[PDB]
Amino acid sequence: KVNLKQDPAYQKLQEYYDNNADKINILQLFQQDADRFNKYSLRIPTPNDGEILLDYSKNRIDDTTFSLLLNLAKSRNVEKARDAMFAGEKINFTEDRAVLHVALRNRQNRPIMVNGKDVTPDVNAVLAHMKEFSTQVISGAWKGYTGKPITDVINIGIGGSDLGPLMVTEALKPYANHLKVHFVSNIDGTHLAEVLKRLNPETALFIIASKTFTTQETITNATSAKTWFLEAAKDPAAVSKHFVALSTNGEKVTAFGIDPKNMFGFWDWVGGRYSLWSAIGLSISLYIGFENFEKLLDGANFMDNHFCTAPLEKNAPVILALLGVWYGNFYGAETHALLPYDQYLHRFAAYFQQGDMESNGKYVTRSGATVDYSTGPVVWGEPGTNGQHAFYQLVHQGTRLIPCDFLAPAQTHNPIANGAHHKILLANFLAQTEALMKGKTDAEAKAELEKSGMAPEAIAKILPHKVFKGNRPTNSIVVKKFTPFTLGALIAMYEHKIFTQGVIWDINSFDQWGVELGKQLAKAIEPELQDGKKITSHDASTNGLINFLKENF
């Protein structure tokens, strides 16, 4: 696969950019084209959750740009790559592994082969186990060491074993049963300690989420949790009523004191940052029930089918991928913001900060060459209207191009004050994207200042500060309501956007070699922090930091 800057489609986009960059103005495009919203929006009907609208019209694209972008998807063989993923080819080429999160939500049970065997029965067997356990815990059948029902579920995991379950349980809170859920991930003892203070050992269920069952942070947290537990329970045999594992290592799990009957497995073709759909989603199933966890899978499967069947010019993940490449590789924007106008989705941007950045924060191509072009952006955001009142000043009147995805539901789960709060929330959702596109010219701001009765000199002083240049691009995504289905569909849509960008950049979206160096160096430092001896083994900064911390232990 040829270096991307020598790809003829990429070259054509560079030529066009170099000649037209500065002449693309979104408002002017709207003024000249009454069909613009119809042309650059996609409505995706669902069986039972309404339509999903993707409105990508407030972007710096016209007919020429859109064709040139589609042609880049074609020249980088996005469709072929997609089909390779879905067929279980070993597309994680540095680890020589398949990439099959889509198998976890294969609701049609189509055969998908790995090492000569269909994985569907294995996937479905884990799901049936999750369903049985969930019912046992939720119903009170599963009892603690003094014979009581569980009241609290504590997930302990890092990265992919934490963010997904945390984000989704917060997003789908209205669907919760009576169980309280807690998430521990930081090695910082604060994280565990503040959870344990809320708990009764007799009614607490811990879920230790780690494939290896040797991950440092998660095992340390797990063992500290066990120690606390046994201070209450005294009896090591009681650990098996209060600790279960999402893992492959039956020996280690058994040695920790978990019954291996309560080990929920998954596979090397499930990436951590694509894992919430697996056994890793057990805390989701427990919190909102298995039938809701299945609807989340259904939504994801729906989107997987859209990604597979929709032609490129009507394929939501592709179009999103292409827009990001446009802003990132041609306009040079470093970042991309996720702005859900929904407080429950407060951790959505954090979740994709991982799914996107850990996937596409790469620099080596499949041929082993180093890229000479931009790859993944810094992904960030806060839900509206909170972010709106924190940082939008800079999105409107700073020096930066920041493409933003604005998301909202038509309906709220909390229609307080006869719906009044939701109307205001949606008005802001709409107005901000309108504002970013349209801006406010010198003439418009001046006319306002005159009509307000300000004198000419005062108007001169303030006027430049009141001008909004606009032409700032946004996508708007609307659902009828955020439900397990529509959330699953959206998560999967972003998963496939990320995949498609990786294919264009010819990187490996599915490995993570970049975490190895810090892990090694941390292991080397651990023993040096065990006493007050002066450390000289590193560069002078690391040494100097270590000795300062020793003075202050």
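Start at 1 with the first residue shown and count on from there.
The mean C-alpha temperature factor is higher for 102-110 when 472-480 and 102-110 are set side by side. Of the two segments, 450-458 and 355-363, the one listed with the higher mean B-factor is 450-458 (C-alpha atoms only). Of the candidates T370, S185, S278, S374, the deposited coordinates give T370 the top C-alpha B factor. Sorting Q28, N508, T500, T486 by the CA temperature factor given in the entry leaves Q28 at the top. Sort the chain's modelled residues by C-alpha temperature factor and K39 lands in the highest third, per the entry. For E170, the recorded CA B-factor ranks within the lowest third of the chain. Only modelled residues enter the ranking.
Placement of the Cα temperature factor of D62 within the chain: highest third of the modelled residues, per the deposited record.
Sorting the modelled residues of the chain by their CA temperature factor places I319 in the lowest third.
Per-chain ranking of the deposited C-alpha B factor places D235 in the highest third.
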